[PDB]
């Protein structure tokens, strides 16, 4: 029997996607999840992952390509490749030249999830929910400490966001930008942050246990929808702040030592069907990269400007660049100071 090992982000697939693929193809799927680019990259660099498909962010895949940990996708086994948005392909091609290694899957932004009522109770009806001031200004965060604050456990994203907020290059190659103002601000914020974590904030926003989080858009929209279906009265929203925000593109890639490559190609082409991936978007509240699928996704997802943002909001989004070894070391050490204490 055929078996296929997949390592994807958590909360990133419809409930029935895998079961439908199994019953159509007869392949048994082993499906596991992660919430951290650093965890996946560490697996890729330490040895065999034991997976046939993994899903890094494109900015991390750029770094991973030069280690040789992926093999190029045979485009002749991906006929539905045509369905992909060419403009998104061109953006991902900045990380994966000529799109040789990566199939764009979902994309979104790193912004602010928050409890509408709690934030307005603490900072007033005019709470600056359209601005990184909400969480990155120490006076505001000290007051939101009362109802719970979480940051992503995602150092490249947090530092780029802080740097942009401070008016620096989000991808500054100036070491002092990291050790000076970025670390200073983050250390001022630190005593107000309940935890650093990239998946617990979903149920904690849904449950009312935290009131504001740095989070990924569709994760926050999932939390909003979980509160709605529980009818617990918790109102969660998501903000792409006025100063801009990081955009990311999560992409399927094939490890160089993948065991069941024919089956992996069958799954990638399954995900390229417009009806298959639109249905995923319906359940996970993320924009997919499939331009033929967009009319098939539900109106409540397609028309949400925090999921499919319009041109003027997209014009304010930035993306990660790969840093040299000095900056990587400086950023990692500063993250360590921030996250342990």
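Positions refer to the first chain, counted from 1.
Item checked: Mean Cα B-factor comparison, 256-264 or 214-222, giving the higher one as deposited -> Higher mean C-alpha B-factor in the PDB entry: 256-264.
Next item on the list: Would you tell me which stretch averages the higher CA B-factor in the PDB entry, 314-322 or 21-29?
Entry: Looking at the recorded C-alpha B-factors, 21-29 comes out higher on average.
Check: Of 76, 164, 109, 199, which one's C-alpha B factor is largest in the deposited record?
Finding: The listed residue with the largest C-alpha B-factor is 76.
Notebook entry, point to check: Going by the entry, which of 156, 250, 153, 117 has the most elevated CA B factor?
Noted result: The listed residue with the largest C-alpha B-factor is 117.
Notebook entry, point to check: For residue 35, does the deposited CA B-factor place it in the lowest, middle or highest third of the chain?
Noted result: For residue 35, whose C-alpha B-factor we compare with every modelled residue in the chain, the answer is the lowest third.
Next item on the list: Could you say whether, by C-alpha temperature factor, residue 45 belongs to the lowest, middle or highest third of its chain?
Entry: Answer is lowest: the recorded C-alpha B-factor places it there.
Item checked: Ranked C-alpha temperature factor of residue 67 among modelled chain residues, by third -> According to the entry, residue 67 has a C-alpha B-factor in the chain's middle third.
Notebook entry, point to check: In terms of the CA temperature factor given in the entry, to which third of its chain does residue 136 belong: lowest, middle or highest?
Noted result: For residue 136, whose C-alpha B-factor we compare with every modelled residue in the chain, the answer is the middle third.
Margin query: Taking only the Cα B-factors deposited for this chain, tell me whether residue 244 sits in the lowest, middle or highest third.
Written below: Within its chain, residue 244 is a middle-third residue by C-alpha B-factor, going by the deposited values.
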